[PDB]
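Top line first, the protein sequences correspond to chains A, B and H. Here the first sequence is numbered in the entry's author numbering, starting from 99 and rising by one per residue. Here the second sequence is numbered in the entry's author numbering, starting from 196 and rising by one per residue. Here the third sequence is numbered in the entry's author numbering, starting from 245 and rising by one per residue. I have placed the structure first, in the form of structure tokens, so that the comments after it can refer back to it.
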Amino acid sequence: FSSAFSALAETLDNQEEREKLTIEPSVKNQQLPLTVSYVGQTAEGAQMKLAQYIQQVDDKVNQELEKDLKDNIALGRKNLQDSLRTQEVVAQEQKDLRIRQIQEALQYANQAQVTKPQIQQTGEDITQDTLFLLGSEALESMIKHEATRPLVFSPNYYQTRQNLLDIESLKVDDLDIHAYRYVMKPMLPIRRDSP
Amino acid sequence: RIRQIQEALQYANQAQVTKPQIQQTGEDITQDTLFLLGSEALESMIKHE
Amino acid sequence: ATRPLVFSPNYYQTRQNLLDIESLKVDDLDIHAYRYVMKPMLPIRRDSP
């Protein structure tokens, strides 16, 4: 705001008749509160003109941010719909290895003659070596029904899937941006400055 | 999880596991060892979906 | 010789980091090194003489 209000201050000196309009910090040490001003020709006509020029810069900043957020959200859900496609092909390179681990464990369970499952339980996922204890019959169905076996997804996938539904749900039209706050409404003066 | 159960009914239909063979599980049951719950107990996890 | 290798979860991180570096496109990527807060004016009062 303070750089777009001082950029309105320099396009009002390019009028045929100049209109002075300034902006400055209030006390000479800290940055804000800022102190805008304007000189006119009447008491009423220099307060109406200042409250118009505050709303003119405010409607330029507020439209340069709803336009900026729409180019950030519609591009932010493109780097997430891509990051769910490259994270799914990794999740099928793990599935194509799990079918290959099962396809080797059918050869171990065909020589050791394990047909019915000998596993009573497993407290974790079954590794490569102890995979043949599921049986010769139950491992022949994990290869026959291979293309319909569902993928498994890491908990980082469901984090960036929930991060895409959060970026698709927020709305910028009803979102209100305000770049400034009145601590003093624009006054109308009693004593003129000249003559 | 319904799709993991729906595939594990096909494994437990060929291996002929009807009654549950699991005595316990110290964690959640994964995709591979899900067919040990049985053919009968996995037909009710799909009917009551 | 047909027994499959097992890969650490740092391998599948840097495998997913290669598919992310092969998928991004620089032709449709727009870079802007500046932003107008004031369009270039045309002056009314000259400077000299």
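Note that CB positions come from ideal geometry on N, CA and C, so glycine has one too.
For residue 275 of chain A, the three-state secondary structure derived from DSSP is coil. An exposed status is given to residue 282 of chain A, since fewer than 16 other beta-carbon atoms sit within 10 Å of its beta-carbon.
With its beta carbon less than 8 Å from one in chain A, residue 225 of chain B belongs to the interface.
Secondary structure of residue 188 of chain A (DSSP, three-state): helix. Among the residues facing chain B, residue 172 of chain A is not included, as its CB has no counterpart in that chain under 8 Å away.
Taken residue by residue, none of the stretch 241-275 of chain A has a beta-carbon sitting less than 8 Å from a beta-carbon on chain H. Here residue 108 of chain A is exposed, its C-beta having fewer than 16 other C-beta atoms within 10 Å. DSSP lists no beta-bridge partner residue for residue 212 of chain B. At the C-beta level, residue 233 of chain B and residue 207 of chain B come within 8 Å of one another. Using beta-carbon distances, residue 233 of chain B does not count as an interface residue toward chain A, since no partner is under 8 Å. Contact of residue 128 of chain A with chain B is not assigned, every C-beta pair being separated by 8 Å or more.
Close CB contacts of residue 138 of chain A within its chain, under the 7 Å cut and outside five residues either way in sequence, are with 144, 147 (chain order). Fully contained in the stretch 216-253 of chain A are the following alpha helix (DSSP H) runs of length 4 or more, in chain order: 234-237, 239-242.
Here the alpha carbon of residue 270 of chain A sits roughly 7 Å from the alpha carbon of residue 167 of chain A. Linking residue 181 of chain A to residue 256 of chain A through their CA atoms gives a straight-line distance of about 12 Å.
Look at the beta carbons and you see the stretch 223-233 of chain B not touching the stretch 257-276 of chain H: under three pairs across the two are nearer than 8 Å. For the pair residue 205 of chain A and residue 250 of chain H, the CB atoms are not nearer than the 8 Å cut-off.
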